[PDB]
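Structure first, then comments.
Protein chains: 2
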Amino acid sequence: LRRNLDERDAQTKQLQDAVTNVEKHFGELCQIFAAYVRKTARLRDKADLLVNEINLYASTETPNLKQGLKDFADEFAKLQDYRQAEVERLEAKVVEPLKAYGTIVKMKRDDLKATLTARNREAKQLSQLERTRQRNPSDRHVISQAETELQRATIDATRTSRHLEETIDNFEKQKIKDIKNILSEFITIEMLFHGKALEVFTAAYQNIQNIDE
Amino acid sequence: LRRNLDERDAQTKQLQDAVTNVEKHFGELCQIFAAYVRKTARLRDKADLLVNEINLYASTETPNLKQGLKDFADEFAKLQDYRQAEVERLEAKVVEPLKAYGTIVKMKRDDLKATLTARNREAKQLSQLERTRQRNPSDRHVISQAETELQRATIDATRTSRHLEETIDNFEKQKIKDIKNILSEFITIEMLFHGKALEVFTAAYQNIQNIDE
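These protein sequence lines are chains A and B, in that order.
With full-length UniProt numbering applied, the first sequence corresponds to residues 2 to 214, in that order.
With full-length UniProt numbering applied, the second sequence corresponds to residues 2 to 214, in that order.
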């Protein structure tokens, strides 16, 4: 029935738009997290430049001031190693899992296309059956054959749509697990870095106090 | 005496090179700290983009997942306000004090130039005195006048050099205080930010756990 076909299509469009919504927003988050990683690395570069200049300036100075400056530079350089570990973990645990949704989305689009193909085959077999009844009204045999082929197309379309509903449902379940895990990893990777920074800067504060002024 | 003038000049050259060494290295540190600040701000920009996308994606989602995402975005946005305070303090307490050494260096160069000028005047008055003795060997009056003017130039050069030694000595004392204070401020400003980040990310870890998966 026509009012049922409008409903059936609108419901598949929702599954289609559900895949698109994730493709769009996980993909945007993926680009932003990659840019966040690049900006973290570019900040590490400037911190390296500071380490080098403090060391070079320290090499020109009186002994106690030189030692205090080198000790600071040694601690701060340690912080940039932790920043490098933060960059690598963010690439592996945040950017790469979001990037993998390109392939997940492609597989869902195949399931959606198979459903559209099966429904076109069904609609074609239904129009075939009505035409065959009209051209050969009294040929029970060829009508029965067209009825049998419609029933095959119908159950194949139902089963293809039934599989689609299951894979999209699993896709939504895994979407929630993934976004929880991806943001959790981002939070713990950052927390690890900020905790190490506090350790480093606490010690660096001592090495500056020992500079005899 | 000539061996004394080589010594006297080499010692003023050391004062001159001491001003240059600070000009060069405080100026390099100033440029690097400014670039470090710009890279911190550019990392804040990317974090803002993450806040916006998480909010926009959350506006499309089921109620519990939407709320969990918005709560994360609200906490992380709080972290970028602390990053903005870190940027402002680094500009005011680290970059600006290093930048102020352009003016300090200029004043020391004036003291150095006054010393060179006074020594040229002295050397000229000494050559004048020897010439006057040679052209008027028996004019005790004009010789005595040239001797008196040499003694004025000599004590003026001694006093100008004596003032130079005092201002460079004070300049070295203040250099050590300043570099200790500037690096201490950098360390405490960073420590403050990393401590606030730990607070924010600890709370953000809860808001992610409440997402029903």
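Every residue gets a Cβ at the ideal spot worked out from N, C-alpha and C, and that includes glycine.
- Cα atoms of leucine 50 of chain B and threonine 116 of chain B: separation of roughly 58 angstroms, rounded to the nearest angstrom.
- A Cβ-Cβ separation of about 11 angstroms leaves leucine 70 of chain A out of contact with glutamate 76 of chain A under the 8 angstroms criterion.
- Counting along the chain, no alpha helix (DSSP H) covers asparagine 137 of chain B, and no H or E run does either.
- Between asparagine 56 of chain A and chain B, the shortest Cβ-Cβ separation is not below 8 angstroms.
- Contact check between the stretch 181-191 of chain A and the stretch 91-108 of chain A: three or more CB pairs, one atom from each, fall below 8 angstroms, which counts as touching.
- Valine 88 of chain A sits buried, since 16 or more C-beta atoms from the chains shown fall within 10 Å of its C-beta.
- Pairing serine 162 of chain A with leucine 6 of chain A, the inter-Cα distance amounts to about 13 angstroms.
- Nearest neighbour of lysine 79 of chain B by Cα position, chosen from B:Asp213, B:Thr203, B:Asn211 and B:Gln210, turns out to be B:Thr203.
- Between the alpha carbons of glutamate 92 of chain A and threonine 189 of chain A lies a gap of roughly 14 angstroms.
- Of all residues in the stretch 40-52 of chain B, the ones placed with a Cβ closer than 7 angstroms to any Cβ belonging to chain A are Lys40, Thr41, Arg43, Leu44, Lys47, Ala48, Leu50 and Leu51, in chain order.
- Neighbours of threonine 61 of chain B in chain A, taken as residues at a C-beta separation under 8 angstroms, are given in chain order as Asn22 and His26.
- Listed in chain order, the non-local C-beta contacts of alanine 205 of chain B below 7 angstroms within the same chain comprise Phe73, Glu76 and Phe77, local neighbours out to five positions each way being set aside.
- Approximately 7 angstroms separates the beta-carbon atoms of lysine 109 of chain A and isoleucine 169 of chain A; this is inside 8 angstroms, confirming the contact.
- For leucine 80 of chain B, the enclosing alpha helix (DSSP H) covers residues 64-91.
- Just measuring C-alpha positions, the residue of A:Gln17, A:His195 and A:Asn137 sitting nearest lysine 114 of chain A is A:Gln17.
- Relative to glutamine 15 of chain B, the option among B:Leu199, B:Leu165 and B:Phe27 whose CA is nearest is B:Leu165.
- Residues of the stretch 175-197 of chain B with a C-beta less than 8 angstroms from any C-beta of chain A: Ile177, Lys178, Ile180, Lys181, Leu184, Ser185, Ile188, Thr189, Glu191, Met192, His195 and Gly196, listed in chain order.
- At the C-beta level, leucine 44 of chain A and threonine 104 of chain B stay beyond 8 angstroms of one another.
- Against chain A, the beta carbon of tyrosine 206 of chain B has neighbours under 8 angstroms at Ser185, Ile188, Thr189 and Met192, listed in chain order.
- With a 10 Å radius around the Cβ and a threshold of 16 neighbouring Cβ atoms, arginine 4 of chain A comes out exposed.
- Between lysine 47 of chain B and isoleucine 209 of chain A the beta-carbon gap is near 31 angstroms, outside 8 angstroms, which marks them as no contact.
- The shortest C-alpha to C-alpha distance from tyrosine 83 of chain B to any of B:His195, B:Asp213 and B:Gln207 is the one to B:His195.
- In this structure, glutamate 148 of chain B lies away from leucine 127 of chain B, with their beta-carbon atoms at least 8 angstroms apart.
- For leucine 99 of chain B, no CB of chain A lies under 8 angstroms from its own CB, so it is not counted at the interface with that chain.
- For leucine 99 of chain B, the enclosing alpha helix (DSSP H) covers residues 97-100.
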